[PDB]
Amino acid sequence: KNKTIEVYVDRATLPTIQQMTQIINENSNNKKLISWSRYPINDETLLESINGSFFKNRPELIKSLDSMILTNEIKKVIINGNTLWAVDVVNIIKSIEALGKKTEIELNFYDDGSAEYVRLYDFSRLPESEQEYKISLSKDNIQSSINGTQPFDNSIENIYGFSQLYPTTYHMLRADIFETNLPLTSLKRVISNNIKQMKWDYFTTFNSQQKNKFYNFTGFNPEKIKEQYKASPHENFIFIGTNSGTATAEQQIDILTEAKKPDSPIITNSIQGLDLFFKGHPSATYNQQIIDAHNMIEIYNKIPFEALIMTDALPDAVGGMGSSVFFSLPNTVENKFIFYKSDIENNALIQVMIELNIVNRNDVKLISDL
């Protein structure tokens, strides 16, 4: 009983990309069980190089996990998951504990995107006593879910409340959220020793083989985009697109025509004279309409922007639509404007982004502004 199994799960993309990067950085030979919704790995050479198995779904992964634990050889399981979707790690914990094999469990939660930060803002609006009360309930909430007596509510106090039960690290998009004007002292006390700031400078220390492993995992290689950046000597701008749940194609086309004016009263930070790139949202299907109307260099929409970040393929400047993308973007890239579908003072997404200095209050715009 000296073996550790590492479990990797995610429904989105950001935790997956960060999880891939940690696996590569650590280069451990522990057995790994992997289930990533957006990144099915069928590459057996890749999987063998990390000692991994891939599972198409959570119940299959759990089945293999449990049989391994039944061998009596498993000292510890490290579960790596998605904070918003902590429910998936709850069900993994439930299955391990049920077996009653005295398995050590340790947890790494990676933020999903903007949702955690919208929820943190909302939670910070609560009076302090109500925050403390919700927190007081969290340990029992989580334990009841693990015991199987109640469903799991992914409220702030619950998803950030696991360090009360297990050795837990929260890898956060912006760990410095607890150092803004938001009243979050109540939650900070719970997790202050359990927080890591997500890092994006791994490639600075990676050797070639590590870099190549990242390309192989993601199916992304930054060579084409890096050539596109340098093709012309002008500074590079990426427009961050959204999907129809937030904006129409026409509204984004209109935003781009306003931005191209050197003297807009709305978009004061002009994109005139820049090399313009369009990065579409992975789920948008109107990207060609926008790209054509503006003669923009296309960055394939299915590439998650965090792959651009991790591979150091960043532009000089950025602007566009309210998005999780802006939360992981390094602060060295200039943010010219963000448009929101939204009275901005009551908008949690806008306010958290202002508080984190992701965007100047003067550069926040509403789609109704054109």
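In case it trips you up, residue 1 is the first one in the sequence shown, and so on.
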Are any deposited residues left out of the model between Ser342 and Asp343, and how many (none, 1 to 3, 4 to 9, 10 or more)?
1 to 3
Read off the CA B-factors in the entry, average them over 30-38 and over 45-53, and name the higher stretch.
45-53
Of 144-152 and 268-276, which one has the bigger average CA B-factor?
144-152
Per the entry, which of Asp111, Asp254, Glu157, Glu97 tops the list for Cα B factor?
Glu97
Peak C-alpha temperature factor (PDB record), options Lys199, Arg119, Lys230, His281:
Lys230
Compare the C-alpha B factor of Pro222 with those of the other modelled residues in its chain, then answer lowest, middle or highest third.
middle
Where does the C-alpha B-factor of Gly319 rank in its chain, lowest, middle or highest third?
lowest
For the chain shown, is the CA B-factor of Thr71 in the lowest, middle or highest third of its modelled residues?
highest
Taking only the Cα B-factors deposited for this chain, tell me whether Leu61 sits in the lowest, middle or highest third.
middle
CA B-factor ranking of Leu182, expressed as a third of its chain
highest
